[PDB]
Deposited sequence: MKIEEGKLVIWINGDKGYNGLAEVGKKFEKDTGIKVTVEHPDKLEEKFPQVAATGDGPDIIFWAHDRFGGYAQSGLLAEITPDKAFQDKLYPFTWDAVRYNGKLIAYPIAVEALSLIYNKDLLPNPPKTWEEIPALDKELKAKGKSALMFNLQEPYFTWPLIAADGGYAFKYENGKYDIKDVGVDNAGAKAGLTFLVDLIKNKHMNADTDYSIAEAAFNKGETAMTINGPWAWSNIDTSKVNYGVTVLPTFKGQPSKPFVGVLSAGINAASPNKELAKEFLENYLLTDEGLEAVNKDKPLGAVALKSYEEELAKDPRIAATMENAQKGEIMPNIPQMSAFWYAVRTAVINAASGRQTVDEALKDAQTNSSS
């Protein structure tokens, strides 16, 4: 609960919330301001509910794509860094958190999905989606599978859907939605055919795909930098590389910018700015979080330089450059909800690819 003189922070359970707490510890030691970091489920769905009533956390972490909706609801405070601090973060990251001429959050790091593969099981990762079925048939004969990744969240399937022409919007035209065009159908259909041919299972979720890969049961998974920590712990000899192409076109993952917004109803708004600018968004601050769960390519120029040498980050950048930064408009939540239903229904066989995407085209308005 938000009392005066304390910071409550929400951040999703797959990020490094423990490392963020030790940044909060350093903050309390200097300021006497206790920091409590929580990782509740459906954090992004609860925040608009409890913030609307003037409750919730002081600080909310999430990909930038959700903050436009929060902003137009009046749930986020305008953030007003001075030029000296604004110069410390890349301008394109600031762009991701600008809404109707407002900075509405602090950018933290750039996130892009990459192909993660087991070198012991698969020395040369496949360059194309098309060659995975044949690869799975060789691996199944030896008791393994080629690929498992989260099929319950459309984030992990959008790269294939967009590969051949799928897009969300279009400055941003909400009527022009590219969810049921020929490129989207061709991508989702390839996914469905993979399931029909028993190369994947519709019910695979994040935890199943992670356990399967980190236990050496599958040769490839699709995930972001936050997941590398557990792979290290599992000792799997892994690599991170460009996503597979589809119909000669690169996979186009939707690029997220982990951002920290300040609750407009919080009485601790200035305290949140001190913590975020002067403890989190420093080299030492981001390192603490990164050492718990890798952040990707951070928005801080000084620390991004230090990590760019990492080949895993470089592979992340390649996939990022071949992708597209997510819009932050409020309509993004409806788009996601719509596309989540279409992937699950098509994968499980409750709808065909066509009627699944048409409903999503409509629900995306």
* Structure fact -> Taking the deposited sequence from residue 1, the uncovered stretches are 1, 172 to 175, 371
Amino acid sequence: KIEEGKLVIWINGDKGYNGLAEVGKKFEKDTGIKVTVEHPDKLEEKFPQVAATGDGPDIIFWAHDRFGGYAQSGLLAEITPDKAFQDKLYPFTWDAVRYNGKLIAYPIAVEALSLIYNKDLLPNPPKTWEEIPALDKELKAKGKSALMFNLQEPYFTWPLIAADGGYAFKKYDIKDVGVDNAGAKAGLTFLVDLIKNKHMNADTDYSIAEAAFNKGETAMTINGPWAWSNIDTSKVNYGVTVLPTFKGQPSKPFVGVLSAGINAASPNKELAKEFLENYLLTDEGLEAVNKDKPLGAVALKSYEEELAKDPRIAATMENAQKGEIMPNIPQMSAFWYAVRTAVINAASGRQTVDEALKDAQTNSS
From here on, numbers count along this sequence of modelled residues.
* To do: Mind pulling up the entry and telling me whether 127 to 135 or 177 to 185 has the higher mean Cα temperature factor?
  => 177 to 185
* Do the C-alpha atoms of 349 to 357 or of 10 to 18 have the higher average B factor in the entry? -> 349 to 357
* Which is it among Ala51, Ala297, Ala63, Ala315: the one with the largest CA B-factor in the entry? -> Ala51
* Asked: Among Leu286, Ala112, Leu121, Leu76, where is the Cα temperature factor highest, going by the PDB entry?
  -> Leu121
* Going by the entry, which third of its chain does the Cα temperature factor of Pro57 land in? -> lowest
* Should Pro154 be placed in the lowest, middle or highest third of its chain by the C-alpha B factor in the entry? -> middle
* Going by the recorded CA B-factors, say which third of the chain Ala71 sits in, lowest, middle or highest. => middle
* Name the third of the chain's ranked CA B-factors that contains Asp164, choosing lowest, middle or highest. => highest
* Lowest, middle or highest third of the chain for the C-alpha temperature factor of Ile33? -> middle
